[PDB]
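Asker: Below is the structure I would like to discuss, written out as structure tokens.
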Amino acid sequence: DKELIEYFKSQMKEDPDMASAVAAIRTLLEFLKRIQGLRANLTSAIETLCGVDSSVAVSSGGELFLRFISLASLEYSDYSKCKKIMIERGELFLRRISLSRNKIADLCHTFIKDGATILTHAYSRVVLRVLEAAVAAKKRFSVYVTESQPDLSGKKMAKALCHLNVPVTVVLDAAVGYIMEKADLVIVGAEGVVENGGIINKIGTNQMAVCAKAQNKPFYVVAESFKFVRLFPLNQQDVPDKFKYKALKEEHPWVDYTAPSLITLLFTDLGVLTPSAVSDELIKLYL
Amino acid sequence: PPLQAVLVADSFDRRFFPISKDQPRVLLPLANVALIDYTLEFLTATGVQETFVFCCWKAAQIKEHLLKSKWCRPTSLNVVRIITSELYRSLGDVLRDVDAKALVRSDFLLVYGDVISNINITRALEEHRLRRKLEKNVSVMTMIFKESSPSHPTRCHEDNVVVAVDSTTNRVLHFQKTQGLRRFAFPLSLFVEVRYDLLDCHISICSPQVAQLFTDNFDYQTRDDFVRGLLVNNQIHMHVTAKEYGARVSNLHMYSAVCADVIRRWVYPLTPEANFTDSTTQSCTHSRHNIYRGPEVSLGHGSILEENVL
Ligand SMILES: O=P(O)(O)OC[C@H]1O[C@](O)(CO)[C@@H](O)[C@@H]1O
């Protein structure tokens, strides 16, 4: 109950490249290794894990795991046989999302023209993998990255992407509308994909998209399958205060909702998706 | 009847000297593809079976390349039957060797082995056959000219033939090469349009009587000699194309002109990315400004390919 948080922090420690939701899956799966009250224990694990990270991916990635195991309980019921079919099905789920970023990269790196000049937001381990696969296919391009206050993740990305021998420019956070005509396409990594096909990414993604549709630059999103959250925002207030805030007055939301009309395509795990297509998949991921 | 062709795979003018010393001037690559692989493909596009290939000068390279080429496999509907002999010194010896072997029994295409074209000889062939049975062997040839403009890179100012044509029946009445000339002499006996906008293109559709007319008159050596020597005596007609490319590669100037025309897709079924020869080592991707890059090219950093690159 408290060692759960410690193990989750450890999965952050010895694996920074592993996603937050995957860390939640691993620590929750180990907690599963320790009838119907066990579903309540896993729901409590969801609450305690979302209470310390508050990303959309954690409360969605763990929430599919509350459903990917409870789908097997619809097939059969037991007391310890059900726990072992739970662990051999959860291990399959966990090893089926260790291959997510590679599949996204294989789908998305074919959308970058040679000699292109992309624009990306703060820091995505998926956008980084899309560009890593794009330079491994002998494409050459330029990357514009916004520094993306307050945590300056854009500088972390450009330091993590200069090793790939790519011309990367840490543009100012305010200057998206300036360099937006210098961009062939926009690749961002969603922190959660809501039910209408729009995304929830770090603050400033929305005005990256609104500028994009102002100049008809394609706005590509590279999310994963477990980031499909069941929310349906209609404006920026409809995003819950769980997700927006990690904690002369400062405001500081950390995420904002991007409308699905602004998004050209989503390169999720389960194939390239129109923003409409996402909704179907969400239905399929929750019957 | 089936359509045949005679392909003189040795140009008998010592023109690409010294490139002709180490590679035959039919096998040197135009745009990564040897010239014969254009004209052979040309004949395959026309509907030609039985494309006799006559090789004299360095027939070893030509035959060993043809048997490893596309048209020597049994899948191709254009059989070649390479004829190899050192007896040929000119085109006249080639068309005289057609007789005493009777290789042609209907009208055939005489390309000259380095033609590069996407011409469809079905309109011209049907017009030739129409006025062949009608006037009972009046016509012996139907030269194929491209409607060019006299100031063009493809016109080398070394062929530039001017003709006098009867516009109602397309009969050629006069024909001369205007290599060194300022004023053109047309005799008054031929009285009738006079055309200079004709790229020669060397795709004559000569009937088998032409092979007869080269043997009895042994003095002929080339097609220019034949057309000049029979317009003084049996009626060369012609057909003029306007929407299809055609040009041979007589010299290195018009080599550069035709190679720049192929890259710029003027010969559209024969572009480099089409891979009309089915080799695995000549695939391409036509990118943006006729920039074709083959497989595993590894372009450097900061290098600029502006346009028309292969
Ligand atoms: O690709 P990741 O690391 O899983 O996260 C994607 C998005 O979530 C953030 O890391 C935090 O919102 C953003 O920087 C990024 O755009």
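Counting neighbours? That spans all protein chains shown, and the Cβs are built from the backbone with ideal geometry, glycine included. Read-outs: derived from the displayed coordinates by stated rules, not from any lab.
Asker: So for chain B, considering every pair of alpha-carbon atoms, how many percent are separated by more than 24 Å?
Answerer: Cα-Cα pairs of chain B separated by over 24 Å account for 54 percent.
Asker: Would you work out which of B:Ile304, B:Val33, B:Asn160 lies farthest towards the positive end of the dipole of the protein assembly as shown? Charges go on Cβ: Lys and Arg +1, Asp and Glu -1.
Answerer: After comparing all options, I get B:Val33.
Asker: How far apart, in nm, are two points set 7 Å out from the Cα along the Cα-to-Cβ line at B:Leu67 and at B:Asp22?
Answerer: About 2.5 nm, to one decimal.
Asker: Here's something else I'd like to know. What is the calculated FRET efficiency for B:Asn234 to B:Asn32, with r their C-beta to C-beta distance and R₀ = 45 Å, to the nearest 0.05?
Answerer: So, using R0 = 45 Å, E works out to roughly 0.55.
Asker: Further, regarding this structure: Just want the answer: with Cβ charges of +1 for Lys and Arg and -1 for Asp and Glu, which residue in A:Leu49, A:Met18, A:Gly197 is farthest toward the dipole's positive end in chain A?
Answerer: A:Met18
Asker: Here's another thing I want to ask about it. Which values, in whole Å and largest first, are the semi-axes of the equivalent ellipsoid of region B:100-228 obtained as the square root of 5 times each eigenvalue of the Cα gyration tensor?
Answerer: Here the semi-axes work out to 24, 17, 17 Å.
Asker: So for region A:2-103, what are the equivalent ellipsoid semi-axes in whole Å, largest first, each being the square root of 5 times an eigenvalue of the Cα gyration tensor?
Answerer: 22, 16, 12
Asker: Using every Cα-Cα pair within region A:54-213, state what percent have a distance larger than 26 Å.
Answerer: When every Cα pair of region A:54-213 is considered, 38 percent fall beyond 26 Å.
Asker: Within region A:38-124, list the chymotrypsin sites (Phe, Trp or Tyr not before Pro) lying in a DSSP loop whose Cβ has at most 14 other Cβ atoms in a 10 Å radius.
Answerer: Sites meeting the loop and neighbour criteria: A:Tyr76, A:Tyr79.
Asker: Could you state the principal axis extents of the C-alpha atoms in chain A, from the largest down, to the nearest angstrom?
Answerer: 60, 50, 36
Asker: In debye, nearest 20, what is the charge dipole magnitude of the protein assembly as shown about its Cα centre with +1 on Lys and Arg Cβ and -1 on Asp and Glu Cβ, if you could check?
Answerer: I would put it at about 400 debye.
Asker: Quick check: the distance between the Cα centres of region B:220-295 and region B:101-144, to the nearest angstrom?
Answerer: Each part reduced to its Cα centre gives a spacing of 18 Å.
Asker: Next question. At 7 Å along Cα-to-Cβ for each site, give me the label-to-label distance between A:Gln36 and A:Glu181 in nm.
Answerer: 6.4
Asker: What residues from region A:176-209 fall in the zone where the backbone N is under 15 Å from a label point 7 Å along the Cα-to-C-beta line of A:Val272?
Answerer: Within reach of a label on A:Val272: A:185-187.
Asker: To the nearest 0.05, what FRET efficiency results for B:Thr178 and B:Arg123 with a Förster distance of 25 Å applied to their C-beta separation?
Answerer: Calculated transfer efficiency: 0.35.
Asker: In Å, the Kirkwood hydrodynamic radius of the protein assembly as shown over pairs of distinct alpha carbons?
Answerer: Taking every pair of different Cα atoms in the protein assembly as shown, averaging 1/r and inverting gives 29.9 Å.
Asker: Once the Cβ-Cβ distance between B:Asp166 and A:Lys113 is put in as r, and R0 is 41 Å, what FRET efficiency do you end up with, to the nearest 0.05?
Answerer: Computed FRET efficiency for B:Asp166 and A:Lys113 comes out at 0.15.
Asker: Given labels modelled 7 Å from the Cα in the Cβ direction, how far is it in nm from A:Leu99 to A:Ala247?
Answerer: Between A:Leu99 and A:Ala247, the simple spin-label model gives 4.4 nm.
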